[PDB]
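Asker: Mind looking over this structure? Questions follow.
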Amino acid sequence: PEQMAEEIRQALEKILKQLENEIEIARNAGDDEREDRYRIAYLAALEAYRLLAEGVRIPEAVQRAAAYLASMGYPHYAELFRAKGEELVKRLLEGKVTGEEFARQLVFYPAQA
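In PDB author numbering, the protein residues as written are 1 to 113.
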């Protein structure tokens, strides 16, 4: 569970790096809609990361990150993030996904159009 949190934080680190590039590429191509979406996903991964670094349990981190996202003015991403997160927690603690899978699907599933 603390090992799991560590895996997810590490997965989120590279994800944030990947998202930085996707934001660069999207911006260079003048694809604003795509850029914004990746920017929101960046904020989600970032907040999720710091919560886990703060020792917050994974189920609570998902819910608090969802609230963070809504307060930032992205309530639709936030609810998708929340609903998927709850689903991912279930699949995480019954062993059907890894920490990396959890991190990726948590951030990218709500990032869809």
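Heads up, the beta-carbon is just placed ideally off N, CA and C, and yes, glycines get one too.
Check whether the region 25-33 touches the region 61-69, counting contact only when three or more Cβ pairs, one atom from each stretch, lie closer than 8 Å.
Answerer: no
Asker: Between the beta-carbon of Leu52 and the beta-carbon of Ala103, is there less than 7 Å?
Answerer: For the purposes of this step, residue 52 is taken as the residue at position 52 of the sequence shown. For the purposes of this step, residue 103 is taken as the residue at position 103 of the sequence shown. No, they are not a contact pair.
Asker: How should residue 118 be labelled, buried or exposed, when 16 other C-beta atoms within 10 angstroms of its C-beta is the threshold for buried?
Answerer: Past the edges of the chain, shown from 1 to 113, lies residue 118, and the structure says nothing about it.
Asker: Three Cβ pairs or more, each shorter than 8 Å: is that satisfied between the region 93-102 and the region 7-27?
Answerer: yes
Asker: Along the chain, where does the alpha helix (DSSP H) that runs through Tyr42 open and close?
Answerer: Indexing the sequence shown from 1 puts residue 42 at position 42. Element bounds for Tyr42: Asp32 to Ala53.
Asker: Starting from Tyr77, follow the alpha helix (DSSP H) in both directions and report where the run begins and ends.
Answerer: Taking the first residue of the sequence shown as position 1, residue 77 is located at position 77. First-last of the alpha helix (DSSP H) with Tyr77: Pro75 to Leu93.
Asker: Using only the alpha-carbon positions, how far apart do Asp36 and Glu20 sit?
Answerer: Residue mapping note: residue 36 aligns to position 36 of the sequence shown, counting from 1. Residue mapping note: residue 20 aligns to position 20 of the sequence shown, counting from 1. So the two alpha carbons sit approximately 12 Å from each other.
Asker: On the three-state DSSP scale, how would you describe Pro59?
Answerer: Locating residue 59 in the sequence shown gives position 59, counting from the first residue. Looking at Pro59 - three-state DSSP - the assignment turns out to be helix.
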